[PDB]
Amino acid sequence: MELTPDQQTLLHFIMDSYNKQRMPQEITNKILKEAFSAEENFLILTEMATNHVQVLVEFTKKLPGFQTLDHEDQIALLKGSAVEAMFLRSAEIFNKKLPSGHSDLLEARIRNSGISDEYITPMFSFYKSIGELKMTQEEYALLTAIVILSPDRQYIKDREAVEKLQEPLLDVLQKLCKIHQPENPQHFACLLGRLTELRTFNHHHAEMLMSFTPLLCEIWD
């Protein structure tokens, strides 16, 4: 069926936060003008990943009911979703927001930034599988909100309070898949199936760190 006026208010409020968030021009111009080397390619990724942490906190702050949660759970939800939310945002940027040369130049930069092949190949297989879904900005905004408000995270004291905030967002997303994709009735299960693929990046990222920026060090280690 169709979204209720209550769900429309909830979607508009999420989009108000998500749509304002953009990659700065100084970083975008750096992808095309900076020198190509393993050290410089790694530096651009640090600047990008740092910017995402400020973007994540700003989006999470506006999520209805997040500010009413226990302070320790607020930190655990941010730390637990930092990696997943970044790759989901990376998938959106790598499959959409690119003029003519940025797409291929950034791929070359990621591949030649000193990150091992065992971590590189799953990234691009995830970007390609997500790109086949042909998701809209609404679906990206909701999936990010669902990734952040995950009650299954480690060291969460009040998991039920997280479940209460997540459930309205899964319901809006379920209704969106039925409306914009009625010919593919299994589209919703496919979106959630890509989340188990997103979760495998957590162990890959931890391994990559054992082999920055004050903000990145706090959210990671």
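Here the rigid core means the biggest group of C-alpha atoms that line up within 1.5 Å when the two forms are laid on top of each other. In this text, residue numbers run from 1 along the sequence as written.
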Which of these two stretches, 53 to 61 or 28 to 36, has the larger RMS Cα offset in 9 other deposited structures of this protein when the rigid core is kept aligned? 28 to 36
In terms of RMS C-alpha distance in 9 other deposited structures of this protein following rigid core superposition, 94 to 102 and 136 to 144 differ, and the farther one is 94 to 102
Between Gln25 and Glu26, what class does the number of missing deposited residues fall in: none, 1 to 3, 4 to 9, or 10 or more? none
On mean C-alpha B-factor from the PDB entry, just flag whether 138 to 146 or 102 to 110 is the higher one. 102 to 110
Between 153 to 161 and 32 to 40 (mean CA B-factor, as deposited), the higher: 32 to 40
Reading the B-factor column for Cα atoms of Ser211, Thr200, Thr9, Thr213, the highest value belongs to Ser211
Kindly indicate the residue among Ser90, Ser125, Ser116, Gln74 with the greatest C-alpha B-factor in the PDB record. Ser116
So, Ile130's CA B-factor, relative to its chain, sits in which third? The middle
Please rank the C-alpha B-factors of the chain's modelled residues and tell me whether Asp171 sits in the lowest, middle or highest third. middle
Quick tally, chain-level thirds of C-alpha B-factors: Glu58 sits in the lowest
In terms of the CA temperature factor given in the entry, to which third of its chain does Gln186 belong: lowest, middle or highest? highest
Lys178 by Cα B-factor - lowest, middle or highest third of the modelled chain: highest
